[PDB]
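**Student:** The sequence shown begins at 11 in the numbering used here and counts up by one.
No residue lacks a Cβ here, since even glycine has one placed at the ideal position from N, Cα and C.
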Amino acid sequence: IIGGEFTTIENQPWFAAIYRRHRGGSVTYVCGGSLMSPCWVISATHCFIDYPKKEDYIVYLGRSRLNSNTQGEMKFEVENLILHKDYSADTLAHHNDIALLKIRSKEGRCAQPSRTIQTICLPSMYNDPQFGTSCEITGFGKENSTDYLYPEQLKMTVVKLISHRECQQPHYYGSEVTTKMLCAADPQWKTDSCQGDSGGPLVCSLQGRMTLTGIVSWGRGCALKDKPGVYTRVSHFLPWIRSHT
Ligand SMILES: COc1ccc2ccc(C(=N)N)cc2c1-c1cnn(S(C)(=O)=O)c1
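1) Comparing the CB of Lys170 with every heavy atom of ligand 1, is any distance shorter than 8 angstroms?
2) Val169 by DSSP, collapsed to three states: which one?
3) Does DSSP put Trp24 in a helix, a strand or coil?
4) On a Cα-Cα basis, can you pick out the residue from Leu111, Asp60, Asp96, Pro23 that is closest to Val51?
5) Using C-beta distances below 6 angstroms, list every residue in its chain close to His56, excluding the 5 sequence neighbours before and after it, in chain order.
6) Using the three-state DSSP reduction, which class does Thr55 fall into: helix, strand or coil?
7) Which runs of the beta strand (DSSP E), 3 residues or longer, sit entirely within the stretch 107 to 138?
8) In three-state terms, what does DSSP make of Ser144?
9) Any heavy atom of ligand 1 closer than 8 angstroms to the Cβ of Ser227?
10) Are the stretch 222 to 241 and the stretch 189 to 203 touching, with three or more C-beta to C-beta distances below 8 angstroms?
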């Protein structure tokens, strides 16, 4: 997250921190995610498509720092990794960039809701907020495009939703962004998601309820003029999400 503010997981309790074990024992951060139901986390297929082996992945809930065991966190392995069957990656644009990870503790259990661990509600069909609506993002991604390290502490920021026809203008993304994708950015281009934030939540308060409207997917640069963050539009995928869970 470029700019924004440092935060802690009690403000973001549906946020999943996903890591990968490498041959030889080293572990590194991979992508964020969101808890949809006790046994199910949703993220982006691009985070896993090159290493599609469920056994390589560690999922934490209730964790606030990249290298510290926060009081009250739980650790999980992946029972099932489900990648969307029609996913593809163009130059910029990612297509059907959604995935489900069925989670399980070493004792065989799903998550147990607590003060630092909670689900986020999914959207309803044909019901997204209007362009101009403020929404929040969370992640452990880069603070600056020229950094190679990620922040130790969880960050968050707020951005505004942008219409399909504005995001399809020539200096934005043209015909590369489709009706299955949602654009959001800072009007002043000073804050955004960046590398390392992928798969994480775009949450919008809609008719009173906090809703998982988007999933961090792709962008040109970070916090660059006329280049919004692009998000997987969750409401399009309600039939897929339903049948695979
Ligand atoms: C692998 O990088 C990624 C991966 C996913 C992204 C998702 C959203 C956004 C965004 N701007 N909202 C940027 C992203 C970048 C991304 C775009 N360029 N930069 S950087 C650090 O300048 O190379 C990284």
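**Tutor:** In short:
1) The sequence position of residue 170 within the sequence shown is 160, counting from 1. Checking the Cβ of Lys170 against ligand 1 gives no.
2) Here residue 169 refers to the residue found at position 159 of the sequence shown. Three-state DSSP puts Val169 in a strand.
3) Within the sequence shown, residue 24 is the residue found at index 14, counting from 1. Three-state result, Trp24: coil.
4) Numbered from its first residue, the sequence shown carries residue 51 at position 41. Of the listed residues, the one whose Cα sits closest to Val51 is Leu111.
5) The residue given as residue 56 occupies position 46 in the sequence shown. Closer than 6 angstroms at the Cβ level, and outside the excluded window around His56, lie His104, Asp107.
6) Your numbering for residue 55 matches position 45 in the sequence shown. Helix.
7) 109 to 114
8) In the sequence shown, counting from the first residue as 1, residue 144 sits at position 134. DSSP places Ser144 in strand when its eight states are reduced to three.
9) Counting from 1 along the sequence shown, the entry for residue 227 is found at position 217. True, at least one ligand heavy atom lies under 8 angstroms from that Cβ.
10) yes
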